[PDB]
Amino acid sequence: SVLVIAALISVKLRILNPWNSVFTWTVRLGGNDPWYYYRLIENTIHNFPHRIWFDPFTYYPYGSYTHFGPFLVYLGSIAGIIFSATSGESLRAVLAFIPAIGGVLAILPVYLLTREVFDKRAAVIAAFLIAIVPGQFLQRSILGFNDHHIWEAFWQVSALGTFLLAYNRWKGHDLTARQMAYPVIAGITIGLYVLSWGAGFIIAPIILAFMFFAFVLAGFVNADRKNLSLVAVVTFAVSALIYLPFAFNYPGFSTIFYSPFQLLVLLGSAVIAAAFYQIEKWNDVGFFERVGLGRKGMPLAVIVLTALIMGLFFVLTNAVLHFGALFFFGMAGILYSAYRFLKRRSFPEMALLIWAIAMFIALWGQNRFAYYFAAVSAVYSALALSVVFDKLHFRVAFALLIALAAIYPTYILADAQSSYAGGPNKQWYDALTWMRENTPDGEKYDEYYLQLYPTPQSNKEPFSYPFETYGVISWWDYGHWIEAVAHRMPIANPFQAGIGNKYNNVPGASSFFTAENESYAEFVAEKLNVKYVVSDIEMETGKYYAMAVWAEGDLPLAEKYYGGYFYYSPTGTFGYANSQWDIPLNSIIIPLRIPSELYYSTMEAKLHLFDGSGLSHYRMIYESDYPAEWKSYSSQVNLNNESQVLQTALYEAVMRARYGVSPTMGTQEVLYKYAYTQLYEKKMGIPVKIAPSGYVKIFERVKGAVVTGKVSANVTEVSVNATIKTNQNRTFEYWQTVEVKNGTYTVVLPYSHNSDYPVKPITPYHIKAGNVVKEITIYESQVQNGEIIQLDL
């Protein structure tokens, strides 16, 4: 059968194509969210068959309710126990296959659905088209992307096809416990839908619209409305039963968390269906006839019924990239169906259109729900084809000249998009495994990670941890990796928890990294009890603007972190303009916006760009390898030679600038540093070498050894200096300069000479007060306890 060919094309696309992106230096799950499923499944396996509904290990120190549904958590736990892969690489490997299998198995609900609406010829082209559609639906259905989005699609389509299947038989009255199986199944698919995704109750209004229209159009649409209703009664009843055990895991009403709201929706829907059943009974008996409403009686009762329900609730080429030609060939199918039932007038066909339009109406312009169109574009293309085909069945091979216009360029994109997989890069993954091993209390974190936390009534106040804990602060993107790989507790989440802001002084990631002095940062860090900071080159460069926007509240305020551009004039002179409007026409402009003076004062710049130089309470403890392009350059470029580094960077920039693309991030950092030295570095300001650095850097928040004592006028400032060497055998200078008060000075130093960290100082501190210079060595305990040290100068 043709249901084995596409099934192989789908395996080829989802398991085979990205195989080496998933099975590399580690087993590497995609994106961020699959790492959190992983976190949940591991914990659920341990506490089987119980699972948590709140996670104090994330959104530190408040904790996060878990909206991720039980379907995938249990599916993955069950898979794990079955293959006795309960943690680590083995678990991940198993979990990696789950979305691929889910995406291959999507053949079944699609075939079923487009068979139940149309015929078999269409249902086969259908199963083939869904096996090759591209876009979000494929990207989230690939090896390693173990997330619930494939299952939203799978159970939604399943729910439709199984529901329509339960309307194509229950007719008349044969019902019995063999015919009862058909709606019970459909109720299960709905149940599983909501259990995959909490917002999935939305399928309930959709199906109820099927009944609404089958009633108010009982004129020119036939349907066994009594059985259509009875089936819905059973279906919605069953779905509610399946949902029921999970209804009470969130303290309130929610459309996303597992709350009794969803239960109300499914029970209410069962009641509505029963009202419809009764409406039909009154119709059939002649009640509307006797009260003199005639044939308008029933639709009016329906109009009124919904009004009340409404009442007591009242109070483009992207498309080609995302669907290929299945977009067009699915768009024609819509219209053809919008005309055909507009002539032949059937119920299943009407149901499908309603589903499609509701999809369109609700998910228009919302890129995050694109995957829902996949099944739509596959069914209405299998129809558009299973119509052109049945027109011509040398004509009998023009059928192939459009059946190639469809299948061909959408296998192409599907093959080209299926060959790369995402997830953390090696620098990040190694940094976090390092963190797990080299920061304190690892054993406790490992035990606690596996505990069945109780669900609390609120998370507005700091959670009460069962032990002495600390937080790890980084941009919110990285939260799932930090938790799943480092087994440490991130301040911020890919659910967008813990971002905070500056305008309302809410301590969080954005208010830490865009903080314009160390004191404010310290305020934020103290509130969130942070002990480690993790910063990456993306935070330093491309994502910096995003942190500014969140911190400030809007786009124009964030723009104060940026200046102009470097360029070459048409006479070939190098220049900087604070604004592009100062740039002579016909210049070549490096399409990289240079940060303003303000940027260089932010924590993100002090940490990632200046390697923590100037700061009192932070020290680098580890960095990863370089960004790829600079690792690659270094085989011909000496990274200790500023001139060669800079000339390489500018060349790359100008080169890319004519393709209109911006430099690689490592080059951007080199240019940022160059800009600083040329525009903003003051007479005695913090110096920085023009050189690349580790993609990922880890810092420790630290009290700092207090060095203090007396000077001798005219000395108005005391400076401290030390050379630091990273585990990548890169050096930079730590500097701090302190203003004198009443013939005395005070300085807080964060580096010690006996810490077990791979980033260490290689000289003692050289203090300098005017003419007198000294040479201090600091010990870890002095730094850890904030001991005071007397030194006369």
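Don't overthink the numbering: it's just position in the shown sequence, from 1.
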property: Between neighbours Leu175 and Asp174, residues that the deposited sequence lists but the model omits; result: 4 to 9
property: Chain break class at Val315/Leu316 - deposited residues not modelled; result: 10 or more
property: Segment of higher mean CA temperature factor, 118-126 or 281-289; result: 118-126
property: Which of 335-343 and 539-547 has higher mean CA B factor, as the PDB entry lists it; result: 335-343
property: Top residue by Cα temperature factor, when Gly743, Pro56, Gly69, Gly30 are compared in the entry; result: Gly743
property: Maximum C-alpha temperature factor, selected from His480, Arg368, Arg488, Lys502; result: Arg368
property: Third of the chain, ranked by Cα B-factor, where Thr86 sits; result: middle
property: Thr737 - Cα temperature factor, lowest/middle/highest third of chain; result: highest
property: Chain-wide C-alpha B factor ranking for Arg51, given as lowest, middle or highest third; result: lowest
property: Where the record places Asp446 (Cα B-factor, split into thirds across the chain); result: lowest
property: Assigned third (lowest, middle, highest) for the C-alpha B factor of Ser158; result: middle
